[PDB]
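Engineer: sequence-free structure coming up:
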Ligand SMILES: CO[C@@H]1O[C@@H](C)[C@@H](O)[C@@H](O)[C@@H]1O
Ligand SMILES: CO[C@@H]1O[C@@H](C)[C@@H](O)[C@@H](O)[C@@H]1O
Ligand SMILES: CO[C@@H]1O[C@@H](C)[C@@H](O)[C@@H](O)[C@@H]1O
Ligand SMILES: CO[C@@H]1O[C@@H](C)[C@@H](O)[C@@H](O)[C@@H]1O
Ligand SMILES: CO[C@@H]1O[C@@H](C)[C@@H](O)[C@@H](O)[C@@H]1O
Ligand SMILES: CO[C@@H]1O[C@@H](C)[C@@H](O)[C@@H](O)[C@@H]1O
């Protein structure tokens, strides 16, 4: 493959970060807990990976969706070892909210994106069905109400929007190429959204802050992209993991331009 494929999540304000990399059929994990990157416990087969996580109090819960073929296995971290989850259904994208939690997993397969849903009481097939060869997702809560944005790429990236009772076509536009791969993050209540697109070896960034999409400052090489972000008070921090070949570079936004991070594969 022209590059490894990554997925990233983060929690708290330290923060802790976990980056999962699929390389030649194996997924491994690099970890940050404030004091240097290190190799994590996670090791499972897969050509494709997505991740979501949530806190209950101080306890992290992580779900990693590892795909080989149309067989996607969910791996669970709930404080004591990676365990096999109940998910059944590929390129995937995952999001979660609340503390139950609710999870949504989107799978692009043979040009179609479909959705699997967990609301505490088993997996079911969701209402979402849209064309796409590649999918990314982000979501946010506004009080009790969930908002989901799915970025479906075919031939053009279309944004699909859930805001309480149905999927609607969003205002997102970009300049894309066939085969493009995206990653998305969001923060606050407006919200702000950032969508990163890898198009023929270049990653660019489209931005929403409440009143239209604009082209962001991020511009770095890569065939594959993942992203995570966290707030410290009102200040956003973003980490973008850009891969070309087996080289993954972390790019950092901490309020004052994009800078190179300490991330290594080691
Ligand atoms: C303490 O263990 C580390 O952190 C956990 C939350 C997991 O990411 C695990 O794979 C890693 O080795
Ligand atoms: C309690 O069940 C476990 O956690 C849920 C949040 C889901 O990830 C499910 O597939 C997994 O088996
Ligand atoms: C209530 O409907 C379910 O949850 C929503 C948040 C969406 O994920 C929808 O596609 C799904 O069927
Ligand atoms: C209000 O506008 C809708 O929600 C925003 C958060 C964006 O996702 C935008 O593209 C979409 O049309
Ligand atoms: C104000 O600048 C915009 O927002 C920042 C949080 C970054 O996403 C940057 O690339 C973008 O152009
Ligand atoms: C302070 O260190 C910077 O931020 C951390 C949260 C990590 O993303 C690290 O790789 C980066 O160099």
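Structural biologist: Here it is on my side, so go on. Residues are numbered from 1 along each chain as shown. Ligands and ions are numbered 1, 2, ... in the order given.
Engineer: For the stretch 101-250 of the chain, what lies in contact range of ligand 5?
Structural biologist: 194, 205, 207, 216-218, 236 (CB under 6 Å from any ligand atom). Yep, even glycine has a C-beta here, placed from its N, CA and C like the rest.
Engineer: Pull up the residues of the chain that are close to ligand 1.
Structural biologist: 18, 29, 31, 40-42, 60, 77.
Engineer: what's near enough to touch the residue of the stretch 101-250 of the chain found nearest ligand 6?
Structural biologist: Ligand 6 sits closest to residue 239 of the stretch 101-250 of the chain, with a gap of 5.0 Å, by CB to the nearest ligand atom. Residues near residue 239 by CB atoms under 8 Å, 6 or more residues apart in numbering: 8, 10, 17, 227-229, 250-253, 261, 263.
Engineer: of those residues, buried ones?
Structural biologist: Buried residues within those, counting neighbours by 16 or more other CB atoms under 10 Å: 8, 10, 17, 227-229, 250-253, 261, 263.
Engineer: what residues does this protein put near ligand 3?
Structural biologist: Counting by CB under 6 Å from any ligand atom, the chain sits next to ligand 3 at 104, 115, 117, 126-128, 146, 162.
Engineer: what about the strands in the stretch 101-250 of the chain?
Structural biologist: 102-109, 112-118, 123-131, 134-142, 145-153, 157-162, 167-169, 181-187, 192-199, 202-208, 213-221, 224-232, 235-244, 247-253 (DSSP state E, counting those that start in this stretch).
Engineer: For residue 68, list each beta-bridge partner.
Structural biologist: Beta bridges link residue 68 to residue 71 when assigned by DSSP bridges.
Engineer: Show the contacting residues for it.
Structural biologist: 25, 45-47.
Engineer: Any figure for the gap between it and ligand 3?
Structural biologist: Residue 68 is 25 Å from ligand 3, where distance means CB to the nearest ligand atom, to the nearest Å.
Engineer: wait, doesn't residue 74 sit right on residue 64?
Structural biologist: Yes: in this structure, residue 74 is within contact of residue 64 by CB atoms under 8 Å, at 7.1 Å.
Engineer: Surely residue 152 touches residue 158?
Structural biologist: Yes: under the criterion of CB under 8 Å, residue 152 makes contact with residue 158 at 5.0 Å.
Engineer: Look at those two and report which has more neighbours.
Structural biologist: Between residue 152 and residue 158, counted using other CB atoms under 10 Å, residue 152 has the larger neighbour count: 24 against 16.
Engineer: name the helices or strands packed onto the host helix or strand of residue 10?
Structural biologist: The secondary structure element spanning residue 10 is strand 5-11 (assigned by DSSP states H and E). Packing partners of strand 5-11 (3 or more CB pairs under 8 Å, 6 or more residues apart in numbering; DSSP states H and E): strand 16-23, strand 48-56, strand 59-68, strand 224-232, strand 235-244.
Engineer: All set now, cheers.
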